[PDB]
């Protein structure tokens, strides 16, 4: 009560944060490109600014937690936190980050195939794994690992880009049980997340297996995880029937197919991530080493 937590409300003053572009509407969030020009000279750093879409009390509280999570992370493959802008005369909150100029990995794969080959896909795979190793050291569970939530800095570097669903493990448990779910990315969820709302490092590994699938499908039309799972379950199914069939399919070893052109060894990594036995999934450290060994064992 007596002394409120630190903040730094002068680092990004709203009057000096200049709009450049709308980047996208995620899920209950909106991201802008802005320039922070404290000298009012038309210069300054370009930044990304994440804002809420629906400013309810619950969302503002969750957003503060998300900001604290991102501020606690410093790693080459995690988007860089810069600060907060307490706009509307210090009656609102906006998250300030570095700006990564190629956008989401999902869109980059679809729009920039001219500059993507398997070597790059393996580099991105390795980088995502390393970002996730780092999250695990903080006991953070991402819960939404998907190419749409990874950002592309340049042809040689990706970073995990959004943390809107990330949770902190309890001190005494190796999973977080989510007890008020919002919208759920079911086609990236491990079976125990679908059936028990349990999220862990191991369920992030399951989702990483879906990310790896995404990379090698080159986000081809009809090849996305939702499209392929719906083809397998039945395209006409709606509502909860989708979830019932997805669970039954996964529990009995139904899986996304090997993408066209995907090496057998890379599909093997996918299938090992997609183990119904949580403890038998590889760690992110195992995966980073294996991927980097594959890369390093190539000629040259």
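Positions refer to the first chain, counted from 1.
Just going by the entry, 107-115 versus 92-100 on mean CA temperature factor gives the higher value to 107-115.
For the two regions 239-247 and 32-40, the entry's Cα B-factors average higher over 32-40. Of the candidates 122, 219, 210, 79, the deposited coordinates give 219 the top C-alpha B factor. In the PDB entry, a CA B factor belonging to the middle third of its chain's modelled residues is recorded for residue 136.
Sort the modelled residues of the chain by CA B factor and residue 159 lands in the lowest third. Ranked by Cα temperature factor within the chain, residue 277 sits in the middle third according to the deposited record. For residue 129, the recorded CA B-factor ranks within the lowest third of the chain. Only modelled residues enter the ranking. Per-chain ranking of the deposited C-alpha B factor places residue 171 in the highest third.
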